[PDB]
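Written out below as structure tokens is the structure these notes cover.
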Ligand SMILES: *Cc1c(COP(=O)(O)O)cnc(C)c1O
Ligand SMILES: *Cc1c(COP(=O)(O)O)cnc(C)c1O
């Protein structure tokens, strides 16, 4: 608690920035970055296996993002989509709609964040249908605004379901059929046509990076469509190439009615999008708008991200580098009993820590200590999960094979030195 | 409705972007910009007296914003304030707190938009106090999200008051004392201590650019403080040098408890801020957070805006160029009877149009036609107001004396040729 520490960048953050928006696990204080590496005020370098919770899709200082943002700042097509059309925003909407199977029928709404986008999707669908009921999952993370929290699991007529977890199956049913049956029984108890939409994550993020059982999401989508319920796929976390296909729903044998994007869409700038049927997004005007929505600098960044996914073959990169990561982690699991489950798709990877592999008892304290030690060793990653025991890895898609190796090595050391981290120091955060 | 028009940038915007977030008055379609001028796809240049609703504080392609954003993109301090401190965000918070009279007691929360910021302020104050009641004004524009609309005038325990307008005074009382008296009588009817906060705009934006009567806001603030009600000053529209003082409340003889900033703070990037007492912003953690909040590119832009306000003496510029604008408009009022009132401070200017100066009957249809004709002539401005009859001028602070002249000349022509605009063409929007 001395003056030198209080005067460093982390101490100044405490004195100037309120705690309201902080989610802090260790005293990471960044002054710069390059590739998949962060540089602290003191000059210390770290590998960022978080990639800013997935937002730094192209890592730090990617030349495509430099080029686009500098170009747009020097010759910006205004500042907004609200009261003018602008070139970069329109080009972006065109590209996003062309990427999606509903390209002939769908349009785009632009926001600043995943929270904003999920709020707008819910508001538009309820307006369009005149119904407010909504299905979502327990543990779902759809945002942290009043409008997006109304159907988060982490609104009038909310039905919340368990998300089927192959490692901890609801009703001991590894197929997830018991969750579908539960949904049917819930729907039987409400008036016909009273549910407007279903929000789903195709890999549950904050819930624990939980890939649902084979077939489950297709079946779920079929139940929704049988009731005329719009299926909204929240791909803020696992979209745009991260899963090893461009859209994560490509792994799951269905196409949603509405696709929600964010995080890495902006490559480190604030950008989100909803791709929805024209009838949904055209049901009102001047209805869900913020002044800087569709600003050209952020639109330019989104174009750069899409262009770079193509130019650097990042779908295939994510699939290759995800296999490499998972190989490394499987080697770690030979040596460290704490590792209970390694899961995910592409470069959305979760590692669940347990005190015993038979019982699967969660290792909550151990996880928090692990990530603190990793920070000390020069690797940044966080945890998530209902039980606080799932390491989250969402590195930049451009992270090199060498940086994947180094991160795995640093993680190996963290696991070895877990214990060394004091309870008091960790409970500060 | 032919293919060439449908294939131009405005037509493509209609086919790809939903109407949900649009607020369109004429078919403005922008491909670039420089200074205070926009360039359409077809190459036509326009003077932007809107400045993107106030957001383009430094105009288009300002070198300070180019330099900052390019620098931060090339060496970004991560992407977020949530799970790391970062250098530009901390420096920004420091500068914002130093600018405010509550510098010893206050901290900062960062958002993407004015809507986000107003939502966060309301959530924090209600959490901190355990009270949800709130005072706001009829006609108030605090945002367009579920959380910011809950106390907009354009929440449980909402008291809404008339905003005192010198041109149309409530109860024929030009001082606004009747509105204060009404407030006292409303407060007498609620339980002691049940109102947490009062949101006010120091010039009402969407309401009609309405500068309140001398003394009113100081008196209002005193009533609030007598009841322990936190005073929140929403300066999203008229803050940061636009009024000819750095903070608009400087004209009004009070200091708020909480200051909300947005729009031009980012100079065309999405950035907002709340400056509030530490006890308010420290009352929770992980409570009001979005992944890209405090990202360094947007923080860098905000630093550039603050630095440029200083380096280019933009407070004094706004006061000088606002006098020049108001002189020009006063000349227009000699010739065009429609002009009923010219008001505002600095470069936040409103011109209210009336069918007759004695009766003050609003000229709603005429206003819409006027701005459409102006667009055709090469000037961009919009209207606002309860009666749809207030031209809004919020140009970039860097707009030159020559561009002010040209805009006034183009407006003179618009007024002359109002009639020429067809009802059908204008009612399309
Ligand atoms: C991150 C995330 C959001 C929210 O995005 P923000 O930018 O934090 O508002 C929504 N949905 C999912 C699945 C997410 O991972
Ligand atoms: C523009 C404005 C807002 C909302 O800002 P957005 O960026 O559109 O969310 C809030 N308050 C006032 C006074 C405004 O002018």
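Protein chains in written order, with the authors' numbering: chain A, -3 to 150, 159 to 433; chain A', -3 to 150, 159 to 433. A prime marks a further copy of an entry chain.
Backbone N, C-alpha and C define an ideal beta-carbon position, used for all residues, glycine too.
Check: 7 Å Cβ cut-off: residues of chain A' touching residue 9 of chain A; Outcome: 81 and 86
Check: Backbone secondary structure at residue 121 of chain A - three-state DSSP; Outcome: helix
Check: Straight-line Cα distance separating residue 320 of chain A' from residue 228 of chain A'; Outcome: 32 Å
Check: CB contact flag (residue 392 of chain A', residue 213 of chain A', <8 Å); Outcome: no
Check: Check: residue 53 of chain A C-beta below 7 Å from any heavy atom of ligand 1; Outcome: no
Check: Interface flag, residue 132 of chain A vs chain A', CB-CB below 8 Å; Outcome: no
Check: Proximity below 8 Å, CB of residue 278 of chain A to CB of residue 116 of chain A; Outcome: yes
Check: According to DSSP, residues forming a beta bridge with residue 397 of chain A; Outcome: A:353
Check: CB contact check: residue 20 of chain A to chain A', cutoff 8 Å; Outcome: yes
Check: Listed by chain order, chain A' residues near residue 407 of chain A by CB distance under 7 Å; Outcome: Correct list: empty, because the minimum Cβ distance to chain A' is about 16 Å.
Check: Residues, ordered as in the chain, of the segment 58 to 75 of chain A' that lie near chain A by beta-carbon distance below 7 Å; Outcome: 61, 62, 65, 66, 69, 70, 71, 72, 73, 74 and 75
Check: 3 or more residues per run - each beta strand (DSSP E) lying fully within the segment 59 to 141 of chain A; Outcome: 102 to 107 and 129 to 133
Check: Residue 125 of chain A' beta carbon less than 8 Å from that of residue 159 of chain A'; Outcome: no
Check: Check whether residue 273 of chain A' and residue 302 of chain A' have beta carbons under 8 Å apart; Outcome: yes
Check: Residues that residue 297 of chain A' contacts on chain A, provided the C-beta gap is smaller than 8 Å; Outcome: 17
Check: Sufficient close CB pairs (3 or more, under 8 Å) joining the segment 286 to 294 of chain A' to the segment 129 to 146 of chain A; Outcome: yes
Check: Beta bridge counterpart(s) of residue 208 of chain A' as assigned by DSSP; Outcome: A':214
Check: Residue 417 of chain A vs residue 381 of chain A beta-carbon contact at 8 Å; Outcome: yes
Check: Separation of residue 385 of chain A from residue 365 of chain A, as counted between CA atoms; Outcome: 22 Å
Check: DSSP beta-bridge partners of residue 201 of chain A'; Outcome: A':130 and A':234
Check: C-beta atoms of residue 199 of chain A and residue 130 of chain A nearer than 8 Å; Outcome: yes
Check: Contacting residues, own chain, Cβ-Cβ under 6 Å from residue 148 of chain A' (five flanking each side not counted); Outcome: 136 and 138
Check: Cβ neighbour criterion (16 or more within 10 Å) applied to residue 168 of chain A'; Outcome: buried
Check: Cutoff 7 Å; reference residue 422 of chain A'; Cβ partners in own chain excluding five residues on either side; Outcome: 370, 373, 374 and 377
Check: Delimiting residues of the alpha helix (DSSP H) encompassing residue 406 of chain A; Outcome: 405 to 421
Check: Cross-strand partners of residue 345 of chain A' (DSSP beta bridge); Outcome: A':356
Check: Residue 318 of chain A versus residue 260 of chain A: straight-line alpha-carbon distance, rounded; Outcome: 23 Å
Check: Residue-chain proximity (residue 260 of chain A, chain A'), Cβ-Cβ < 8 Å; Outcome: no
Check: Contact with chain A by residue 400 of chain A', beta-carbon distance below 8 Å; Outcome: no
Check: Inter-stretch contact at 8 Å, needing at least 3 Cβ pairs: the segment 67 to 86 of chain A' / the segment 308 to 317 of chain A'; Outcome: no
Check: Residue 6 of chain A' beta carbon less than 8 Å from that of residue 25 of chain A'; Outcome: yes
Check: For residue 13 of chain A', the first and last residue of its enclosing alpha helix (DSSP H); Outcome: Here residue 13 of chain A' belongs to no alpha helix (DSSP H), and DSSP marks it neither H nor E.
Check: Buried versus exposed call for residue 360 of chain A [16 or more other C-beta atoms within 10 Å across all chains shown]; Outcome: exposed
Check: Distance between residue 176 of chain A' and residue 339 of chain A' (C-alpha atoms, nearest Å); Outcome: 29 Å
Check: Continuous beta strand (DSSP E) stretch holding residue 164 of chain A': start and end; Outcome: 162 to 165
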